[PDB]
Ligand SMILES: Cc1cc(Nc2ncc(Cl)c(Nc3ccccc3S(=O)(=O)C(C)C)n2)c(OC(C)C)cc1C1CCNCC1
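First, one chain by itself: the form deposited without this ligand, in structure tokens.
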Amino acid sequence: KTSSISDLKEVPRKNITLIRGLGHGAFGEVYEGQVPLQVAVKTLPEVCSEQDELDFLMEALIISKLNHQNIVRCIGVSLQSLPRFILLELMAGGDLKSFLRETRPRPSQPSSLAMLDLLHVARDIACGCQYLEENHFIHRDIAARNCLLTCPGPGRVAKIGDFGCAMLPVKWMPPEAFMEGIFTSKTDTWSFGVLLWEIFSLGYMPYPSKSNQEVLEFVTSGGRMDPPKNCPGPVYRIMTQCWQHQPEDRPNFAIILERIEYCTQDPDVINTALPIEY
């Protein structure tokens, strides 16, 4: 069951001010705004399908139903004025993939990021995924590009963001999703493993030098990514487990969370140095 419209907090359009843009979303743009409350503002184009009107509504109902610290909050909507708005928790840290690429250790900044930083992002997202799984939501697009950070700094929190064939994220998909269009919580588990690789590679594209079709054939045949540079064995082990061919053999997120937490306890894991790009 979805939220009802009455469940949505409609904010008076006058209380809402757009401060500046943040890019073009899938449908419409996204802005930084304020209602004093900082918000991200997703807009629906006034020129749109009756279908888009439905899609936009159903987005608000869905995200509004979710209540977890590691999932981006829906603060409210403004659907009674045009153009229509969905108001989201503002995430000043931006997306995880960009952050990892921007913040890679360099000779000038050898300690811009530690292994513990990566483990904490992994734990954050695993926690949100466990919440999705226990509440029977399937995300379908778990990937570093869809995780957001509260800030760049040391106390950053990572959260799962937007839930909106050549478009299919095949490099993040298990074979049953690939081949059969089957999606389950075990689907997201596989994707989470690719996310782990993204994280510990410090923001590389999965399956370096392979195209979508090349990855499809590689994975179907049992091929899997090698460990990222300097990746601790316990972390790589978690990856390979999420990439078991049969979904029944992949861990649920409860188990994944426990294994990540155990990794953070291991001094040998967290004291591992990250590679420095030359």
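The first residue of the shown sequence is 1; numbering continues from there.
Novice: Does the entry skip any residues of the deposited sequence between residue 35 and residue 36, and if so, is it 1 to 3, 4 to 9, or 10 or more, or none at all?
Specialist: Missing residues, residue 35 to residue 36: 4 to 9.
Novice: Just how many deposited residues go unmodelled from residue 181 to residue 182: none, 1 to 3, 4 to 9, or 10 or more?
Specialist: Gap size class: none, per the record.
Novice: Regarding 48-56 and 223-231, which shows the higher C-alpha temperature factor on average in the entry?
Specialist: So the stretch with the higher mean C-alpha B-factor is 48-56.
Novice: Looking only at CA atoms, which has the higher mean B factor in the entry: 264-272 or 13-21?
Specialist: 13-21 has the higher mean C-alpha B-factor.
Novice: If you check the C-alpha B-factor for each of 131, 207, 163, 99 in the entry, which is highest?
Specialist: It is 163.
Novice: Could you check 174, 153, 83, 94 and tell me which one carries the biggest Cα B-factor in the deposited entry?
Specialist: Max CA B-factor in the entry, restricted to 174, 153, 83, 94: 153.
Novice: Sorting by Cα B-factor within the chain, modelled residues only, which third would residue 143 end up in: lowest, middle or highest?
Specialist: As the PDB entry reports it, the C-alpha B-factor of residue 143 lands in the lowest third of its chain.
Novice: How does the C-alpha B factor of residue 159 compare with the rest of the chain: lowest, middle or highest third?
Specialist: Lowest third.
Novice: Within this chain, which third does the Cα B-factor at residue 73 fall in: lowest, middle or highest?
Specialist: Residue 73: CA B-factor falls in the middle third of its chain.
Novice: Please rank the C-alpha B-factors of the chain's modelled residues and tell me whether residue 201 sits in the lowest, middle or highest third.
Specialist: Residue 201: CA B-factor falls in the lowest third of its chain.
Novice: Ranking the modelled residues of this chain by C-alpha B-factor as given in the entry, is residue 108 in the lowest, middle or highest third?
Specialist: It falls in the top third of the chain.
Keep in mind that the form solved in complex with this ligand is not shown, yet the notes after this line are about it.
Novice: Is residue 180 part of the interface with this ligand in the deposited bound form - any heavy atom within 4.5 Å?
Specialist: Contact check for residue 180: no, nothing within 4.5 Å of this ligand in the deposited bound form.
Novice: Please determine whether residue 157 contacts this ligand in the deposited bound form, using a 4.5 Å cut-off between heavy atoms.
Specialist: So residue 157 does not count as contacting this ligand.
Novice: Does at least one non-hydrogen atom of residue 13 fall within 4.5 angstroms of this ligand in the deposited bound form?
Specialist: No, residue 13 is distant from the partner.
Novice: Does the 4.5 Å heavy atom contact test between residue 94 and this ligand in the deposited bound form come out positive?
Specialist: Yes, residue 94 lies within 4.5 Å of this ligand in the deposited bound form.
Novice: Just one of 133, 117, 162, 176 has a heavy atom within 4.5 Å of this ligand in the deposited bound form. Which one?
Specialist: None of the others qualify; the residue that does is 162.
Novice: With this ligand left out of view, which of 231, 40, 225, 219 would have a heavy atom within 4.5 Å of it in the deposited bound form?
Specialist: Checking each option against this ligand in the deposited bound form, the one that comes within 4.5 Å is 40.
Novice: Can you name the residues of 203-229 that have a heavy atom within 4.5 Å of this ligand in the deposited bound form?
Specialist: Residues within 4.5 Å: none.
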